[PDB]
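**Q** Enclosed are the sequence and the experimentally obtained structure.
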Amino acid sequence: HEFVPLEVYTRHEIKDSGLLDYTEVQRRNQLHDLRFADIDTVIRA
Amino acid sequence: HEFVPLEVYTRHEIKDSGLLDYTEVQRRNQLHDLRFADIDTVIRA
Amino acid sequence: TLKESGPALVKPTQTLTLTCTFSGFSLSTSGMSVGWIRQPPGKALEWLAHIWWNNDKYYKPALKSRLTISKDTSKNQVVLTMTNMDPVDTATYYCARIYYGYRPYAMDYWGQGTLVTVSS
Amino acid sequence: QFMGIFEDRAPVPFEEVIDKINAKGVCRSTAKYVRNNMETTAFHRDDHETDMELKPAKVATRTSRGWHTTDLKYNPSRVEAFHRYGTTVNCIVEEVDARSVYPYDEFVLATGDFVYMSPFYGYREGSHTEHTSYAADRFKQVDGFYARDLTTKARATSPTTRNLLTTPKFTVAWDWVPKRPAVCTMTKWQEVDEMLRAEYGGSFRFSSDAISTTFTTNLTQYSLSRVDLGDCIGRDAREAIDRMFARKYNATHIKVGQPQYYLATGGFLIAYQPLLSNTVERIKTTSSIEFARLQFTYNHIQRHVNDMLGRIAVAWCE
Amino acid sequence: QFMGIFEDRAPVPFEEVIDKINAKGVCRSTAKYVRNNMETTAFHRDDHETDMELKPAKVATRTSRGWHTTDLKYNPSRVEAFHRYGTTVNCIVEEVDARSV
Amino acid sequence: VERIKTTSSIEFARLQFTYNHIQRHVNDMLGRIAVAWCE
Amino acid sequence: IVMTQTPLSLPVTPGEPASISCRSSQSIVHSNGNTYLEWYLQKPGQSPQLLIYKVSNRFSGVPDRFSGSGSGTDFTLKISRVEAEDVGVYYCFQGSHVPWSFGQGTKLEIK
């Protein structure tokens, strides 16, 4: 007989069952300056 | 026959697989005033 | 491919500037670095400075206070400046290109070098 | 009354990190940095620029070392019915942990801030092709760096390659190591003294009585080149096999050929070293080994009964 | 020296969404919104109201699409020994994921 | 004074019980056959 | 790290092997695990050219006569059969640790 690998929920399912992920939220939030702004330009007048 | 307890990933491994942990981050961040500042002192002049 | 340009006669206690023109590489690729080297007549080679593609300049600590290496990719050149010229520094200056970005060997292609003499 | 408290974090320039903090153990009392596309300068206590010592931070439980220059926030002197502004610049240094995950193109600090650069960005032999999200002038790799501990004030003799990155908020620094021999997409999980290998039905069954586990693999070996960042598997397998053979089988058995690699259902990479008596993809692994154990169990019992009953049959026959 | 940076996120009114962004592809340069129970208006670059184009945001790995109008923060012109205030309004539009349980 | 760490999977123990149970039976039953055979 | 190339002058008859040795005050071992010590040669009135890199690797366009060896702080260039064109100045240069430096260099003589 062969027993195939069986499981009700994977690690991905359990991790995604969380309504929010702190890591993902921070990752997307701290790219705000890189995306919707220019870090490097210096305007002096 | 003896079956020793065998498991691919422990609770510790799964919990640490997370790139960031909100609890640890907040715990370290809210000690900022206790470590790099002096809460108790009052300076009046 | 690396040219060498510099005053052949500079009076003591003056600023000196040099120039190294490239060919077949630009100091804007992700792994280019260019170094300035000196050799007094009849003495050993002496490494002075090197600059990476990202304006990361490294100097010789003894001559740190005087050397100043800069890069202009628009003209495709590196300018080495050495203030407070001293007759001890009469020597031949070489420009070298480094493949530490790509290969474990540095300073593969050298310019012919220019002789600079410090006298009045 | 507090009518507003602008609290900001500014990075420390490289020339202040290398020349001042790492060398002299002091830090400038003025923070000069670009914020919101404008070059601002903040002077501590609204006073002249000064070099201030870095002293150890107050002890907190389960926290890494920290150093700071100023401990008291400076507030303006009282003037009747006038809004007055007061500056406080505190140069802070914190040893932290940093964590990265595949494909290791960005890493995180213990403060919850991110640095959008591969931990292995560098200058030598393709170490500049790794991902970077910042301008090239924000990075500086000091080769041959002499770390000076700010507590013992003793210079480390052995130099190391130190990456430094000046993010808009802070400045990270970390020792540089090559990517290929540092990370791996597989982890050594178990060491099996006696892994009996059998061939049957065009498949290999590897049974371990020590842990009661049976894996099933295809007949062919697994191309080790197919594993992404698979530089650790060979080294770990060789070292483990050599240690284990020396420990147990040196006096009775001998190695047979180079260690072989097979892939077992559920995503388990088995390195097998046969013994004789003297006479680019990423593999996903299931989280439950139980099935394999079941198999072994179901094998074991079955085999025994399929033996015993069979003998009875013959014993009946005669 | 920066003496304070008030950064807020104001909502875009409906009539500025359907009529301006979804139809014309532009966004107003003044943000009018209710905050802390008062009606506040922010004029970008301390100037008149204007319609500004929404250009794509700079590319980031594993991120959804984004659009913005302004790319530089506006800061007041230098005046000797004076506190000066400068306003900047960046109209941002982001595709995001939403999750419910 | 130590804090005991507990495994997250009880399955092994359950397996043991199962492997015990069947085994015991056959180790007891087959045995009878042997005796019954010998006699 | 300071390189000390010895001897300063090496008179060698053609066909006879020649030895150059240089020592550093500190290990030239990098965190890569590699020692970036390379030997360069300068011919009379010519820009110096690289001979050997990473101790024991011969640069492209270099004959088999030149061979480098050593580790830690000691390193040796060996020429199995010196030729007429081998005349010149030899330098050992460490690139692993900034600041970089050359040795004093050795001048080959043919007898």
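**A** Structure received. Numbering: from 1, shown residues only, chains lettered A, B, ... in the order given.

**Q** Dead centre of chain C: give me the residue that sits there.
**A** residue C:36 (2.4 Å; CA atoms, centre = their mean).

**Q** Can you name the residues bridging to it?
**A** Beta-bridge pairing for residue C:36 (DSSP bridges): residue C:49, residue C:95.

**Q** residue contacts, it?
**A** C:18, C:20, C:48-50, C:67, C:69, C:78, C:80, C:93-96 (CB atoms under 8 Å, 6 or more residues apart in numbering or on different chains). Every C-beta, even on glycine, is put in place using the N, C-alpha and C of the backbone.

**Q** how about residue 38, secondary structure?
**A** I'll assume chain A. coil (DSSP: H, G, I helix; E, B strand; the rest coil).

**Q** and the closest residue to it other than its chain neighbours, how many neighbours?
**A** Of all residues not flanking residue A:38 in the chain, residue E:71 sits nearest, at 5.2 Å (CB to CB, 6 or more residues apart in numbering or on different chains). Neighbour count for residue E:71, taken as other CB atoms under 10 Å in any protein chain shown: 14.

**Q** what secondary structure does residue E:71 sit in?
**A** Classified using three-state DSSP, residue E:71 is coil.

**Q** now the one 3 residues further on
**A** Reducing the assignment at residue E:74 to three states with three-state DSSP gives coil.

**Q** Show me which of the contacts of residue C:36 is closest to chain B.
**A** residue C:50 (37.0 Å; CB to the nearest CB).

**Q** For the closest one, which non-adjacent residue is spatially closest?
**A** Using CB to CB, 6+ apart, the nearest residue to residue C:50 is residue C:35, at 3.4 Å.

**Q** Quick check: residue C:107 touching residue G:36?
**A** No - with contact defined as CB atoms under 8 Å, residue C:107 does not count as touching residue G:36 (11.4 Å).

**Q** May I ask which of the contacts of residue C:36 has the most neighbours?
**A** residue C:95 (30 neighbours).

**Q** and residue D:250, how far is that from residue D:275?
**A** 11 Å (CB to CB, to the nearest Å).

**Q** Could you do residue D:124 as well?
**A** Counting by CB to CB - residue D:124 and residue D:275 are separated by 42 Å.

**Q** what's the answer for residue D:199, then?
**A** 16 Å.

**Q** Residue G:57 too?
**A** 39 Å.

**Q** For chain A, what is the nearest residue in chain G?
**A** residue G:98 (26.7 Å).

**Q** That residue sits in which helix or strand?
**A** For residue G:98, there is no host helix or strand (DSSP states H and E).

**Q** okay but it is in contact with residue D:142, surely?
**A** Yes - using CB under 8 Å, residue G:98 makes contact with residue D:142 at a distance of 7.4 Å.

**Q** For the residue of chain G positioned farthest from its centre, give me phi and psi.
**A** Computed with CA atoms, centre = their mean, the residue of chain G farthest from its C-alpha average is residue G:31, at 22.4 Å. The phi/psi pair for residue G:31 (degrees, to the nearest 10) reads phi -70, psi -20.

**Q** Contacts only, for it.
**A** Contacts of residue G:31 by CB under 8 Å, 6+ apart are D:160-161, D:175-177.

**Q** ditto for residue G:76
**A** G:19-21, G:68-70.

**Q** Can you tell me the element it falls in?
**A** Per DSSP H and E: strand G:74-79 holds residue G:76.

**Q** Please report the distance of residue C:71 from chain D.
**A** Using CB to the nearest CB, to the nearest Å, residue C:71 is found at 11 Å from chain D.

**Q** Wait, residue D:164 touches residue D:16, no?
**A** No - in terms of CB under 8 Å, residue D:164 does not count as a neighbour of residue D:16; the distance is 11.0 Å.

**Q** Excluding chain neighbours, give the residue nearest to the spatially most central residue of chain G in space.
**A** Nearest to the mean C-alpha position of chain G, by CA atoms, centre = their mean, lies residue G:39 at 3.4 Å. In space, and not counting its chain neighbours, residue G:39 is closest to residue G:52: 4.2 Å by CB to CB, 6+ apart.

**Q** OK, contacts around that neighbour?
**A** Contacts of residue G:52 by CB under 8 Å, 6+ apart are G:38-39, G:58-59, G:62, G:66-68, G:77.

**Q** Residue A:22 now?
**A** Per CB under 8 Å, 6+ apart, neighbours of residue A:22: B:20-22, B:25.

**Q** what's the answer for residue D:87, then?
**A** Contacts of residue D:87 by CB under 8 Å, 6+ apart are D:42-46, D:74, E:1.

**Q** could you dump those residues to TSV with distance to residue C:9?
**A** Shown next, in TSV, are the contacts of residue D:87 (distance: CB to CB, whole Å):
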residue	distance to residue C:9
D:42	49
D:43	47
D:44	50
D:45	53
D:46	52
D:74	57
E:1	49
